[PDB]
Structures are given as structure tokens and as C-alpha cells.
């Protein structure tokens, strides 16, 4: 069961925060090698000098690909699975899958890295966002009551009516920098940046396609008139 | 899991070298404060079993049971590692190596397994690095490079990683880590 | 605004 | 060019450390016998001008003119470097590194600039290596790797090459070079 | 410049084996033969695979690997002032006569960075790496007596064998080509007669 | 025959 996330690719600030998160917490193991720092800066509105100073940690040039020092074979040996390139991961898995996966890490001592994932069971990825999210466990917490889709909110306060469930992802209090909403926004910005990276032509594609479709409607009007006429 | 409350009492003997709270004053002794409980327990077990050789600890852990070690590790993990200061002449190179690694030489950045802030991953056993003494960090990197320390497992994560670090790289990255937070 | 948004996570304390 | 006959008389003072014929008995002192004349003269001038630092040689070449240094170099070049023995536990790795370098790491084999037999290239200034003391060769490789020795020129030939050698690689290759002939 | 003619025999397995030995020992330090594989060199030279691995593969590579070297072209270009070109096809780029004259034309020239110059290749960036064998050659080229392991005839054979191996390396298909071409031409001569007769029959 | 023909140039002395 995935969680929906409304990802706005026109939000430059969100994509910038996601790019910062990716450059700091993610490029240690994951590459974005099909994507250049120069294009990322141009599309996110980041000045080239700012991109160089803040997001390029590997000594690469602005026009270089987002390569990392960790080789896939070395990382496969170390983690048991190679950390895949994340340029297209939004297209491979979708944004909802990524949003649910990055928020579904929970402590699991039976696992090599002490964590497991609800979305990706027995994943070989360590919980690298634990400092932000905090300790997440499969414990008992309050969940909104639902009966055959009969979802109960509080009529007055508008907040959910909850009952205890004992197989839920609960963040241990005072264990991470960000609360649930702040970590939700962090993961949303990261997934927004990943969605941009997978499909950097989306906005331009929509604009060009709108113009193309307008032209094709015009041309269809003319071709239809030239057909129905001349068929008399 | 260990008990930090009892570990505090059990960790008094250790505080002679590592400090009462685990923040050692001498550079050659590592800071145990704020270190991952899993990593601390693994290191203590390795030193007990000879998988890691610390001559200064000869026989100090033999009399401590598994629960005592767990309690001590929990107590030290419940503290906060103090942050040192990086050498200005070395901070640039050390920061570049830590955050970026070496694309050409294929050396990973340290920010993946050890957090960008150097706090490590406690659940995964990746040790906290930020604030650790530059001397100790340099010694550990040299030991990994030369194979002196091999308790990082069969995968030889840190042996392989440190094989790609020069002495200047080791010094710079240790200095950067000393001030990392 | 962008610079603050893009600040690297790792902070290093340097002598002087 | 230098005169070996006069160089023998001029090189007597050197024989205290490097041996009368240039085959030093002590491992820490390099053998000068059979070394390339051009390389010997270059090293002598570098030590004179401070391009290469040899504390044990402090002031020994200041009073010697260009012709005296040329004569000493010619005398030592006319000799034959003695050949030591390689450590059996290290000869395989050292031989592999010397003959093949490192394909993956991009480290050249030493057989190019230094002949496959280690006699160097006298005209090009590439030093004779085969039979040189393993300790001295290891120290030179370590200095090149650490930048302590920088008199190899602006191209940083040996600094670049030794940057890719580990301590174990240096030890094995030094042993093989000592046994090489 | 004027080149010395050398008669290269690509059927001489012993000569090609000696040339391969010389190339592996004295030439692969700076030059790659990266476009040919150790396995194919062994097969064409009659060298057993185990013997090839023991005697000619020094880089730790497999028998089926290209004859690559550690010296990267950029580093070598920086060090020598010119990149040592890959020598797999040099016998086709320069010819066997040019190679034979070039490897024997190194003489001592103190004005040069490596103390040597070449008659065939003036101001070449190659150090005289075969000086131990040929000896000290000085300018007409003359070898200083008692300065090399080999005499003029012995060194010429060494260069000839090396050039022969280089000749094979540039064109490893020459022997198989001449064998196949003979049968193709025989068939075409056979086919021509039938085609010619068929044409003659119809054009009556 | 071939083994002698292919002997490496570099000879190394080894203890014992």
C-alpha cells in the first residue's frame, strides 16, 4: 500500500531542497550520472556558482555528470546489492513508491543494517535518513478508524478519530531532527527532485505539446474542409 | 538491548582513558560518547575476541559479560560526542574527500555510510565520525589501509576504502572529521 | 534564498 | 664528461658511506656502483643546490666543483652494482609490480624507464635500480609518494608513479629490485 | 631518411616468439599492444597458453585479455613529451623497413632530453631502451666496442625478430589471408571458364 | 625450446 504525494515540478524551492538532500544524504552511495550539474542548476534556477559551491562535492565541473566515487561493484560487495543510479528511479518506481519507500524504514535487528522497509522488504539500503526522521519502529500507535471506507474525522476539530493499532510505523519521540510533517516535506522535496531528474523535459514537453496540438487542430480544420469539399 | 543507567556504573573503569562521559581528552583515545551502540558493542566484542587488537585494553573486557558490554555500549551511545576543530590548512581537502570521495580513483564519499554530518548510521553499525579525534581517525584509516585493522568484516569495506587514501588525504580527512558536526 | 536552501548538511568547525 | 681515474681518488671520502667501489655495505646508504653517470651527476647537483635533501651529505659536495662531481660520477658509473637477494615471500608481488605495474590503477611497469633487468637508461638519466638496497629503494619510493623527494622534475614522474604504490607494494617491489639483475 | 631493408618472414615461429619476448620485456613498459590479445598471439606464434601466461603476460591479465599496460597515454605524454603510441599497428603505420632502421638508429645526443637522437626519427621522444643490448651507439652510426650484450649481427637479429613480431601484430591475418585467397582465386578461375564458355555459347 | 626462447629478461636473486 503506497502513499500518494502531490509533486509540483514547477516548485523551484521544493526541487532545490530535494537537490540539496540528494547531494548530501544520497550521493554518498547513489549516482545521478545520466544528469549534469549544469542542467540541474539551469532547470532548478540555481546560479552556476551557487550550484558549484553548494551541490557539487565531488570536484566535478558544472557540465559534468552527477557521478560519485562509489563504484557499483564495490557497493554491491559492501551492501549486498548495488545502489542503483537514481536519475530515472522516479520513472522506474514512480513518485508514490519513492515517497512511501523513503518513509517506510523501520528498525529490524534481524537485518544486516538493522532496518527493513515496508515498501521494499529486505532492502539492502541502510536507513540513511534516520537522523532526520528519527527511530522508526513497528509498534503501536493511534490510527484513524475506518470501517468499510467509513473514515471518521472529528466534526468539530476536523482531526481524525483514532484507535490504537499495534503493527504501525511509529517514530520514537525526540529521536530525529524533523517531526512527521517536516520529514514528510523533506521526503516530498527529495522525491520532487527525483521526479524532475527522471523527466527533466516534462514542463517543456507540456508547453510544446500544447502548441503542437493547437497547430494540429488548426490544420485539421483546414484538411477537413479541403476533404468534405472536393468530396461533393 | 543494554541499560545505560547500569552502563554508567560499569563504564567507570573505561572513563580513565575515554573520559567519564566517553569524550576522551587525549587524542589517541577515541571518544565513545554518542557512538552507535551497535558499533560500540561490535568493537568491544571484537577486542574481547581478538578480532581487533587494542593493546591498551588487554584483559579489560575479558571479565565483562555480554550484558555488561551491552550496558556500557548503551551508556556511551546515550552521550554526545564533543566536536573538535579542523586545521584550516587541511579543512578544504578533507572536506572535499569526505563529501565527494574520488571519482577518478573510485573512492566513495564518506557521507553515504557515515552521515553528511558524520553521525554514522547507528542501526547499520556505521560508526559516528564527526568530532572524533583527528589522531585516532588517522590511525584507524592507516590501520585499515595497511590491513592492521580487519574487523570491518569479510567485505573489507574500510580496508578497501582506505586503500585509496594517501597519507596527506588521511591527515586532511581526519582533521576535517575532527571538526565535523 | 537559494543559498540558504542549498546549504550543505555537514558543518565543520575550524580553528580560528 | 668526467674522468673515472681521477674520480676514484676524488670519491674516496664518499666510500666511507657508499663503499670504496660504490657498493655500500649498509642498506640505508645507496649503492653508487654502476649507476648511470647522468643520474649520478644530477643527484649530486640536486643535493648541492638543495633540490634533494640528504642530511648525511650536508656540506660534503659544497667544496666539490662541477668537474670533481663529474669525475666522481664517472668513476662510480664505471663500477658494477652488486646484487642482493629478494625476500621469497615478497618476490612474487614485487616482480608482478615491477614487470606489469597496475593496469586497473594506471600505474606503469618499471621495466620501461628502468630496463627489464633494472639497469636503467644511462643516457636518459633513468637510474639503475637492480641490485640497489631494498631499504634505500623503499625509502626513495616512500619519499616520492609523500612528496619528500621532488627532484624528479616538473613532470613529477616518480612522484606520480609512487603515488599509486602502497606500503606493501613498496616493500615487495623494493625486495624484488634488490634481488633483480 | 634512407631506410635499411629487412626481409620479414611471418612463418618463422621462433623469430616471432623471440620478437614477442623482446616486445613484452623491453617495449610493453611504455607501449601497449592493446588491439591484440595474448591468446591470439600465443595461438599464432605456436606458444602454449600456460607458457604464454608464464613468460609473456606480466601485467596479471588473463590469456584472452588485450596486451594493455599500466602506463596511461596522458601520463606518458607528460613524462616523455610525447605519448608512446600503441604498437599493434605500427608495422602498418610505418612499415617493417622503417621500424628496422629506427630501432637501430638511436645514437647519443646530449642536447636531447633523453641524451639520444634517432637518424630515422629525428628529435624522437623515445629513450634508447635497447642500449644495453646494442651498446653505446654514436655518430655514420658506430657502436662503442664492449658496451652492449650483443654485437651488430646479434642485435640486428634481435631487432629483426622484434620487427617480425610487430609485422605479425599489425597483420595477424596475412598467412590465413594468402591461404584463403589462393582457393578463392582458384575457384574464380574455375568459375570464369564456365562463365566464359556460357557467354560464348549464347553469343553465337 | 619455446620456454627458453621466451625467458623473461629480468632475473631476480632470491634468498635460499
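First chain written, first letter: the chains are A, B, C, D, E and F, and each begins at residue 1.
We take it that a contact is a pair of C-beta atoms (placed from the backbone, for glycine too) under 8 Å apart; a residue touches a chain by one contact, two chains touch by 3 or more.
To keep track of the chains, here are their UniProt names: A, E = Cytochrome b/c1; B, D = Cytochrome c4.
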Legend entry - Pair sharing more residue contacts (C-beta pairs) when B-C is set against A-C: B-C
Inset, instruction - Starting from the mean Cα coordinates of chain A and chain B, work out the distance between those two points in Å. - result: 32
Legend entry - chain C and chain E, separation of their C-alpha mean positions in angstrom: 59
Legend entry - Where chain E and chain F are represented by their mean Cα positions, the distance between them in whole Å: 23
Inset, instruction - Would you give the residues of chain C that are in contact with at least 2 other chains, written as numbers and ranges? - result: 8-10
Inset, instruction - Find every residue in chain A that makes contact with two or more other chains and list them. - result: 24-25, 57
Inset, instruction - Would you pick out the residues of chain B that each touch at least 2 other chains? - result: 99, 111, 115-117
Legend entry - Contacting chain pairs - touch in the sense defined above: A-B, A-C, B-C, B-D, D-E, D-F, E-F
Inset, instruction - Quick one: which bits of chain A touch chain C in the complex? Just the residue numbers, please. - result: 13, 16-17, 19-20, 23-25, 45-47, 50-51, 54-55, 57
Inset, instruction - Please name which positions on chain C make contact with chain A in the complex. - result: 1-3, 5-10
Inset, instruction - Write out the stretch or stretches of chain D touching chain F in their complex. - result: 83-88, 91, 95, 98-99, 111, 115-118, 130, 176, 179-181
Inset, instruction - Enumerate the contact residues on chain B facing chain D in the complex. - result: 145-147, 163, 166-168
Legend entry - Sites on chain A touched by chain B in the complex: 24-25, 27-29, 57-60, 67-71, 74-75, 77-78, 107, 112-115, 126-128, 130-131
